[PDB]
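Just follow the structure's listing: the first ligand is 1, and inside any ligand the first atom is 1. Chain letters run A, B, ... following the sequence lines, proteins first and then strands; every chain starts at 1. Below, each value reflects all heavy atoms present in this structure, side chains not excepted, and no hydrogens, waters or symmetry copies.
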2 protein chains.
Amino acid sequence: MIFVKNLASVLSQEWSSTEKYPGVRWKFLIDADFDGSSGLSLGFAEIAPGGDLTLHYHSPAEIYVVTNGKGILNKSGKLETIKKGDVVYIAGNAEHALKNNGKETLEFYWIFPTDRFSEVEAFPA
Amino acid sequence: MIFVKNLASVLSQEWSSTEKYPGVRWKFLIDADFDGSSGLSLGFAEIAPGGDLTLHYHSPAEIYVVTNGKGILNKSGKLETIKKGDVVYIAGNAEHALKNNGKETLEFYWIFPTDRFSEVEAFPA
Ligand SMILES: C[SH](C)CCC(=O)O
Ligand SMILES: C[SH](C)CCC(=O)O
Ligand SMILES: [Mn+2]
Ligand SMILES: [Mn+2]
C-alpha cells in the first residue's frame with residue numbers, strides 16, 4: 001500500500017508519553033500497530049520547553065528529522081545543538097538524548113528501520 | 001557514530017541529478033557512501049515546477065517527508081495531493097511517482113531502510 005499521513009490524520013490517536021521522558025509526547029504516523037506498513041516506521045514527537053528525551057539506546061539505527069524549535073543533542077556524551085532543518089543519524093546502540101533548552105516547542109519525526117515502534121526496546125544509559 | 005546534517009553541512013557536495021528525472025535534484029545527508037552509516041539512509045530532494053519523479057518502483061520500503069511546496073503523489077494509479085507537513089509511506093515494490101504541479105519548489109526528504117542510496121535499484125513502471 002501507499003498512504004499519506006499528517007498530524008490531522010491521527011487526531012483520534014491520543015498523545016503517548018512516559019514518566020522517564022519528562023515533557024515529551026508523541027504519536028505514531030507510520031507504524032504496523034496502526035497501519036500494516038512495514039520496513040520503516042515513523043512517529044512525530046513534541047518536547048516542551050525544559051523537556052528531555054532522556055539518555056537511552058536501542059538496537060536499531062534511528063533518524064531524527066527536526067521540524068521546529070531547537071534543542072541539545074547528547075551524542076553519547078558530546079553535546080551538539082540542533083534546530084529546525086537538521087536531520088540526525090543515531091547508530092544502533094549509541095547512547096543519545098535530546099533536551100529542549102529553548103522557549104518554543106521542539107518538534108521532530110523519528111524513523112526506525114522496523115515495522116513498528118513496539119519492536120524497539122529502549123534501554124536507559 | 002552520531003551526527004547532524006543540514007543543507008549547510010553538505011554545501012561541498014554537488015547536487016545529483018539524472019536525465020531519468022527532469023527537474024529533480026538531490027543531495028545525500030545520511031548515507032554509507034558519505035558517512036559510513038548503516039541501517040537507514042536519507043536524502044534531500046527538490047522537484048522544480050513541472051518536474052516529475054517518474055512512476056517507478058524498488059524493493060525496499062520508502063518514506064517521504066515533505067518540507068515545502070505541494071505535489072501530486074501517484075499511488076499506483078490513484079493520485080493524491082501532498083504538501084508541507086505530510087509524510088508518505090511507500091510499500092516495497094509499490095509503483096509511485098511525484099509531480100510538482102505548483103509554482104514553488106517541492107522539497108522533501110526520502111528515507112530507505114538501506115545503508116546507502118546507491119544500492120537501491122529503481123525500475124520505471
Ligand atoms: C519520541 S519516543 C516515542 C522515543 C524516541 C527515541 O527513541 O529516539
Ligand atoms: C529523489 S531520488 C534520488 C529517488 C527517490 C525515490 O526512490 O523515490
Ligand atoms: Mn532513540
Ligand atoms: Mn522511490
Side-chain angles (χ1 to χ4, degrees), chain A residues 2 15-18 20-21 23-29 31 41-47 51-66 73-74 88-90 92-98 106-112 114 116-125, chain B residues 2 15-18 20-21 23-29 31 41-47 51-65 71 73-76 88-98 100 106-112 114 116-125:
Chain A
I2 295 170
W15 289 100
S16 292
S17 63
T18 182
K20 59 181 176 306
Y21 306 146
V24 186
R25 63 179 188 172
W26 58 90
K27 290 193 184 189
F28 308 108
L29 279 62
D31 193 285
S41 59
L42 174 155
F44 177 75
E46 294 182 353
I47 304 187
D52 195 4
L53 189 62
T54 312
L55 196 57
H56 67 281
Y57 64 93
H58 32 54
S59 304
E62 186 178 18
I63 288 179
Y64 293 152
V65 175
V66 187
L73 174 68
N74 190 347
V88 183
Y89 174 82
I90 305 137
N93 288 132
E95 294 181 354
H96 56 293
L98 185 51
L106 171 59
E107 299 172 13
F108 59 92
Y109 299 111
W110 79 84
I111 303 97
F112 283 117
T114 65
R116 71 194 80 203
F117 180 78
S118 55
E119 282 175 316
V120 185
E121 203 163 72
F123 318 89
Chain B
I2 295 169
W15 286 96
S16 291
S17 59
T18 167
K20 193 163 181 192
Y21 302 133
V24 187
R25 70 217 295 254
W26 56 89
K27 290 188 177 191
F28 308 109
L29 274 59
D31 193 281
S41 57
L42 171 158
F44 175 77
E46 296 177 0
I47 303 182
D52 191 16
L53 185 55
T54 317
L55 193 70
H56 71 272
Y57 66 95
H58 37 54
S59 188
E62 190 177 16
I63 287 173
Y64 291 154
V65 177
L73 174 73
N74 190 346
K75 308 179 297 179
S76 309
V88 183
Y89 172 78
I90 304 130
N93 287 323
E95 293 182 8
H96 58 289
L98 189 49
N100 181 6
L106 171 59
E107 304 190 324
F108 58 98
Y109 297 115
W110 80 84
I111 301 100
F112 282 121
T114 67
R116 71 198 80 228
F117 180 78
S118 64
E119 79 185 88
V120 183
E121 185 174 0
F123 301 86

**Student:** Please table the atom pairs, donor to acceptor, closer than 3.5 Å between any side-chain atom in residues 116-125 of chain A and protein atoms at least two apart or in another chain.
**Tutor:**
from: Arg116(A); atom 1: NH1; to: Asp33(A); atom 2: OD1; distance (Å): 2.7
from: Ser118(A); atom 1: OG; to: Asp33(A); atom 2: OD2; distance (Å): 2.7
from: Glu119(A); atom 1: OE1; to: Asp115(A); atom 2: N; distance (Å): 3.0
from: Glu119(A); atom 1: OE1; to: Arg116(A); atom 2: N; distance (Å): 3.2

**Student:** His96(A) vs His56(A), test: side chain to side chain contact (heavy atoms under 4.5 Å, CB included). Steps then yes/no.
**Tutor:** CA-CA 6 Å; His96(A) 56 293; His56(A) 67 281; 3.2 Å; yes
**Student:** If you apply the rule side chain to side chain contact (heavy atoms under 4.5 Å, CB included), what do you find for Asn74(B) with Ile2(A), and how did you get there?
**Tutor:** CA-CA 9 Å; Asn74(B) 190 346; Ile2(A) 295 170; over 6 Å; no
**Student:** Classify the ring geometry of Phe28(A) against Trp110(A): parallel below 30°, tilted from 30° to 60°, perpendicular beyond 60°.
**Tutor:** perpendicular
**Student:** Distances under 3.5 Å, N/O of ligand 2 against N/O of the protein: list each pair and its distance.
**Tutor:**
from: ligand 2; atom 1: 7 (O); to: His56(B); atom 2: NE2; distance (Å): 3.4
from: ligand 2; atom 1: 7 (O); to: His58(B); atom 2: NE2; distance (Å): 3.1
from: ligand 2; atom 1: 7 (O); to: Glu62(B); atom 2: OE1; distance (Å): 3.4
from: ligand 2; atom 1: 7 (O); to: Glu62(B); atom 2: OE2; distance (Å): 3.3
from: ligand 2; atom 1: 8 (O); to: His56(B); atom 2: NE2; distance (Å): 3.3
from: ligand 2; atom 1: 8 (O); to: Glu62(B); atom 2: OE1; distance (Å): 3.2
from: ligand 2; atom 1: 8 (O); to: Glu62(B); atom 2: OE2; distance (Å): 3.1
from: ligand 2; atom 1: 8 (O); to: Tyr64(B); atom 2: OH; distance (Å): 2.7

**Student:** Leaving out waters, which are not shown anyway, how many protein N, O or S atoms lie closer than 2.8 Å to the Mn ion (ligand 4)?
**Tutor:** 4
**Student:** Taking only residues two or more places apart in sequence, or in another chain, which ones meet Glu107(B) in a salt bridge (charged side-chain N to carboxylate O under 4.0 Å, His left out)?
**Tutor:** none
**Student:** What heavy-atom pair brings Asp52(B) and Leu98(B) nearest, and what distance separates the two atoms?
**Tutor:** OD1-O, 3.3 Å
**Student:** Tell me the closest heavy-atom pair linking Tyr21(B) and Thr54(B), and the distance in Å.
**Tutor:** CD2-N, 3.6 Å
**Student:** Kindly indicate, with the supporting measurements, whether the criterion side chain to side chain contact (heavy atoms under 4.5 Å, CB included) is fulfilled by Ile47(B) and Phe108(B).
**Tutor:** CA-CA 9 Å; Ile47(B) 303 182; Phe108(B) 58 98; 3.7 Å; yes
**Student:** Below 30° counts as parallel, above 60° as perpendicular, anything between as tilted: where do the rings of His58(A) and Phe112(A) land?
**Tutor:** perpendicular
